[PDB]
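Form deposited in one PDB entry, single chain, as structure tokens, below.
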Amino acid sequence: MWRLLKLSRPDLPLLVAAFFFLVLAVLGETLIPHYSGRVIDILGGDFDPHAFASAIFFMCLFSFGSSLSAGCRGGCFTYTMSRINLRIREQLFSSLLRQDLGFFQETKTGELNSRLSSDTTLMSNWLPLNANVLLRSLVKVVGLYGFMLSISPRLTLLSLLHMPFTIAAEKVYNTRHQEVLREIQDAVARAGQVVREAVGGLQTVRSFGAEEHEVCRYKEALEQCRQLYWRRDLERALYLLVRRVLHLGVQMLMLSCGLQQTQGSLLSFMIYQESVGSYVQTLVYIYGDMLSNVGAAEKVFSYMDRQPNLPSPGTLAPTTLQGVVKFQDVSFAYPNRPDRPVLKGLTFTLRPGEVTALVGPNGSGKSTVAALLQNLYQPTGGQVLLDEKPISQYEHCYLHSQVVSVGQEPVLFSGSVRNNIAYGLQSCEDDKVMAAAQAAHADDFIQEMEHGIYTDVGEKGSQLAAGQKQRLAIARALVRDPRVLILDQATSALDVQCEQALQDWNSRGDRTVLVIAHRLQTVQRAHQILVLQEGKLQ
């Protein structure tokens, strides 16, 4: 596929070198038979030690040169293929990160990782295992072709004639084969997703004692994959049998012509024709196999060129931001489940230096408001304005530097406490991370850790208590000094004393604060209170 060759373009010098080495290997292999014939002839009668040593010497010399060239060729092709694999992985993963957040609910993470792991190998692995033997036999096959052409040109033309059903059978086989490969990859992805879900949430599984059920599910997926593999293998074997039968038909056609026809040479001409035909059929089969393998990986190419459902990027990066946020008749419905509105005609204004509290029952749409503020989703009606300009017109890094949120259930990453505080900062000094840890009251438990600020926080923060993880999320928010701060239930896991101590969110009076909570304790001190019920302001 021409797209994949364009992707392979940086590897061109290696392919050129490999082609040169292949040419040298063929040219060297042309000479070994000559001197081997002299060795055989001198051994078989008319013995002469002077010629014998010379013939053996040249045989050894050209075998040695051909061996070295072949080894270099093989190394070059292997390295080129591996580099192409790694480039495919890099570009696919880079493309996935760009996508809109709806994409990751339509797809599943285990399937995406299965794509990255598996589908790239199909498109990368163009070459069979035994290709070196196939190449080394080329000169012998050409020599056999020379014999049968001179012995009987007529029957050679009859051999060159293609079989009546050879073309259709190959097309049908390729069309079926590509579809079977695609189905196999889909089944593999589903099994990978099953394993991903089983392993990721294992503590719940063991709490309910449902390991055997997961094992049964995985075994069922494996059975489906096995059935697909068996179907592919059986179809390939049947195609090979049919191709051999067609070759046999062509064979006696010319056997008939040869018997019609120069005496005693039919015993030797048949062998050469059979060998040459087998070699050419194998070459055509390899070409078709490579074509089908590239064709089966179409979903990787699909993910590598999907344009996300996002507005064009934003130029704006002001030197100073006033931090006034305005909602103007905002209506929203999630892209995966439209026609079911969540927010209906919201309109409110947040001003710097004042604390706003948003309250409402479960499912009212408070986290939806928090997500619209951060430009994670686009409103389906109205506008969201920051400093009297649309939120989507600001630069990505600048916007998510000025506007910062603490999520409902904070997610941390495997790595140090220094890397979870100061996540996404290009550079952040020891002093700012300690000041942010002190501001969030996180520093008390950080000293008791074995390696302080350098201690490994486990995967998803699984090696911390809930309140500790919550405080590290608060410190991750505060280390940036945001102009607009959003707190989506930031004190749910904290004890009453730590919750009380953290109430003074904007004592300096220089930033906009939005507080989302259920408890009335954190909403009594707010300047403005907004009540949200069924997606409408009350």
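Sequential numbering from 1, following the sequence displayed. By rigid core we mean the largest C-alpha set that fits within 1.5 Å across both forms.
The deposited sequence places no unmodelled residues between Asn85 and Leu86, so the chain runs continuously there.
This next part talks about the form deposited in another entry, which is not shown.
Just one of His213, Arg306, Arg176, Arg136 moves its Cα by 2 Å or more between the shown form and the other one on a rigid core overlay, and this residue is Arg136. If you fit the rigid core between the shown form and the other one, you'll see the Cα of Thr156 move by 2 angstroms or more. Core-superposed comparison between the shown form and the other one: the Cα of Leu267 travels 2 Å or more. In the core-superposed comparison between the shown form and the other one, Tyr454 has its Cα shifted by less than 2 Å.
Panel note: the distance between the CA atoms of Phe57 and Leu134 is larger in the other form than in this form, the difference being 3 Å or more. Compared with the form shown here, the Cα atoms of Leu134 and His177 sit 3 Å or more closer together in the other form.
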